[PDB]
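Okay, so here's just one chain, in structure tokens, the form deposited without ligand PHU.
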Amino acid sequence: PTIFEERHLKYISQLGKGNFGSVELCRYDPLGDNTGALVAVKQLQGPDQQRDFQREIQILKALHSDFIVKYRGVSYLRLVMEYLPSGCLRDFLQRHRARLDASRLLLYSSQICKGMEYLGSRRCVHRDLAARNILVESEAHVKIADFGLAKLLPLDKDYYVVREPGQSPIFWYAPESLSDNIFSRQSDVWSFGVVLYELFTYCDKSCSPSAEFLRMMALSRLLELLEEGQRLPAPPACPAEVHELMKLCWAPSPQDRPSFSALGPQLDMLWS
């Protein structure tokens, strides 16, 4: 059931691209009559990239949570995942902003936090948490996706050091990642603070992390700004308690940031 034959996967459209791979919308149509289910299929477009892609598959296959995109199987070559037609949270917030209130944003925040607490329990560092990588299952249910940069922490170390600087938009990186390429569950907490910012701006492009940080200010300039203690401003009409939580996520030192387990009840308290 977790083995999909290539001949049965029908190409429909492109969902995403980047980091030497692409995600396509396919129909898994073994009957060949266009009645099959839609699936999201990721493929690689080098020998290192092959190892990285195999690692992504092994990570996602071992994750079982209502708040993590579901692994469906492999085609022998491609990673088959469930397709969420509402798409990513970034675009969903822009389209439905007039219908989503603070309570709903707090509901999404709590669900992303629960997914992250679970990832951390699996020793998994996501490294690319952003609203573009969160999928909408329904009006009241989000899931974390895109494990393309995810790493598993060894049992005796709580962080990971990368040799070359990252290739992701720099506005979600923690200072220690910008300065020393150090990643941990605590740098995912920093990124989560930026996701809270994205949620409470409804992913408005005019005050997005890139637009606002660039206005405030390149990698050396952002590191300088952050080290001075400058941060993204509270989003328009943001509840004060939410902005206070973002600032805690953005503590200069990773050991001073709250854990996802500590953030969870704090978000649930604000929701109710």
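In this text, rigid core is short for the largest set of C-alphas that superpose within 1.5 Å between two forms. We number the residues from 1 along the sequence you see.
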query: Between 8-16 and 245-253, the one whose CA atoms sit farther away in 4 other deposited structures of this protein (rigid core aligned); finding: 8-16
query: RMS Cα shift after core superposition in 4 other deposited structures of this protein, winner of 200-208 and 50-58; finding: 50-58
query: Missing coords for residue 120 in a third or more of other PDB entries; finding: no
query: Coordinates absent for residue 90 in a third or more of other entries; finding: no
query: Interresidue gap class [residue 237, residue 238; deposited sequence, unmodelled]; finding: none
query: Residue 45 to residue 46: deposited residues without atomic coordinates; finding: 1 to 3
query: Residue stretch of maximal mean CA temperature factor, 160-168 vs 67-75; finding: 160-168
query: Given 172-180 and 187-195, the range whose Cα B-factors average higher in the PDB entry; finding: 172-180
query: Of the residues 99, 90, 143, 122, the one carrying the largest Cα B-factor as recorded; finding: 99
query: Entry-reported Cα temperature factor of residue 211, expressed as the chain third it lands in; finding: middle
query: Among modelled residues of the same chain, the CA temperature factor third for residue 109; finding: lowest
query: B-factor third for the C-alpha atom of residue 25 within its chain; finding: lowest
query: Lowest, middle or highest third - CA B-factor, residue 203; finding: lowest
query: For residue 138, the third of its chain into which the C-alpha B factor falls; finding: highest
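Beyond what is shown, the protein has a form solved in complex with ligand PHU; the following relates to that form.
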property: Which of 99-107, 189-197, 113-121, 157-165 lines the interface with ligand PHU in the bound PDB entry (heavy atom within 4.5 Å); result: 189-197
property: Partner proximity in the bound PDB entry: residue 171 to ligand PHU, non-hydrogen atom cutoff 4.5 Å; result: yes
property: Partner contact for residue 232 in the bound PDB entry: ligand PHU, 4.5 angstroms, heavy atom; result: yes
property: Ligand PHU contact in the bound PDB entry: residue 238, any heavy atom under 4.5 Å; result: no
property: Non-hydrogen atom contact residue 67 with ligand PHU in the bound PDB entry at 4.5 angstroms; result: no
property: Sequence-ordered list of residues in 234-272 near ligand PHU in the bound PDB entry, where near means a heavy atom within 4.5 Å; result: 250
